[PDB]
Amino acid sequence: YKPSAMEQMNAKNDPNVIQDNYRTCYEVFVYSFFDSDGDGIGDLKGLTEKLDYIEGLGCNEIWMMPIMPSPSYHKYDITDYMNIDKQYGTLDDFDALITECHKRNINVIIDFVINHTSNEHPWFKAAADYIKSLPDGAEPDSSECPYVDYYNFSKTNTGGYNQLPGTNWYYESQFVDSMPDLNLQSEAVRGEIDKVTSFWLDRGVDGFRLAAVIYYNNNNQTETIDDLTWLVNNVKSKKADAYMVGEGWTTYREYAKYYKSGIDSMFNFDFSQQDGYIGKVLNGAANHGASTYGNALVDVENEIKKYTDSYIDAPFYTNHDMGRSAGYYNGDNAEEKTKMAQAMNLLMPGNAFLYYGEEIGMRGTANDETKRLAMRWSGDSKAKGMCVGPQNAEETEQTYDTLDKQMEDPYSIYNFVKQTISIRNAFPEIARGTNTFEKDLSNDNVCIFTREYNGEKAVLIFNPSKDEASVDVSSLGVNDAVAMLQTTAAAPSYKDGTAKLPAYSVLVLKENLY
């Protein structure tokens, strides 16, 4: 193994990992990750066995997709909020995972799905049976069945209601009939969620990913923010440094608003997907090339600032609900783009997220199942712990090698992402600093930022273009080049205030201030 120039350069910078809520988070689908008992389904024991891998990648947080009992493979429709799904193992396996995570200073985030339950959840079964029991006269009585007010039942088909089979009643189920929506205005419901947050916090959970936060109270954004506020306070009441990140799948003008709840993070969705800011810039669909990435960072930061001066952005770029990054880039320098997309994701301010498999450029988009294929550990047929993945996934042609092979390749996507995360772990200002887009020095080819945290300043220079570019950054002050990312043998250079970046590369400087 012969290390690239970037590897040698970046290694000379000491890790500076701060134990707070600005981390690098690996999002795992337990189902498709690593199988410990040989049934082809991934499990908690399997995840535990692969913590050396995740830690070696440089991630110091894990978010698992839902781990509680569910009739589906994906497990977003929950039947029991205080156990583990039998396919994943037991509560004892969860306890061991937490212990092993904390020993490695890795924090654990669980997917917290309270906008709906499964229609097989006992609360709904009981409400449904009760509703069906009522004579024509009717009008439910929550003293006879309190669960009737845990969900929204009506004789009227408003928006997102489905029929309760064999009756004249309907119930709210925005996503699908098998996912009835919880009434989060119910004090009884809030009482139940209280017990649930106590349960998971008491087993050493560090935070929550809040699913579907903008659908907490259907179309009523006021009640939704009230609901989120209640939840954020319920959690922080019990553990002050508990971390919470909300999924608000919408534009930034909308998801900025949810920061009024006091939540730490909202996922930064306008930077996600093929047609998000990162994707558009790399595929040449942006009005101002590289500088569009600058403008977008500033516009979103400025929007959030309307609501809070005290937050952690959640850049993620891709997740289990979207086509994998590698599928966004085809033809000439697709690999270069695939790498740089993750530089543009992971070197953003706040708490950065990496979806499992993105570090080896896994492909898959045709349907949701196909976005959640088995982690490609190895090419070997019968390697221990390989997962079969979801049963209804479409055919998908991969374009990059398996992980074992990528580790051995100094110019693999894996080694690039690994290098990216090392830069982030070396310079706390990248995640925590105030962000300044140096617009006067940026153009369609290069994008320049200064990051300032507690009197330390760094300069980030991205070249997400197919063209070599030079920039005079001497106006920013006296700088030293400390880190870089290269997508080919061509490496960034820096001399006497002039930076030269080849196509698809990054250069990091420290400013010296006297």
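Throughout, we count residues from 1 along the sequence that is shown.
When the two stretches 206 to 214 and 152 to 160 are set side by side, the higher mean Cα temperature factor goes to 152 to 160. If you average the C-alpha B-factors over 325 to 333 and over 389 to 397, the higher value belongs to 389 to 397. In this entry, the residue among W169, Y414, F316, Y293 with the greatest C-alpha B factor is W169.
By the numbers in the PDB entry, the CA B factor is greatest at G379 among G379, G248, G361, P349. Looking at the C-alpha B-factors along this chain, the one for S475 belongs to the highest third. Residue-level temperature factors show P464 in the lowest third of its chain, judged at the C-alpha atom.
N367: CA B factor in the middle third of modelled residues in this chain (values from the PDB entry). Among all modelled residues in this chain, the alpha-carbon of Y81 has a temperature factor (C-alpha) in the middle third. Among the modelled residues of its chain, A426 has a C-alpha B-factor that falls in the lowest third according to the deposited record.
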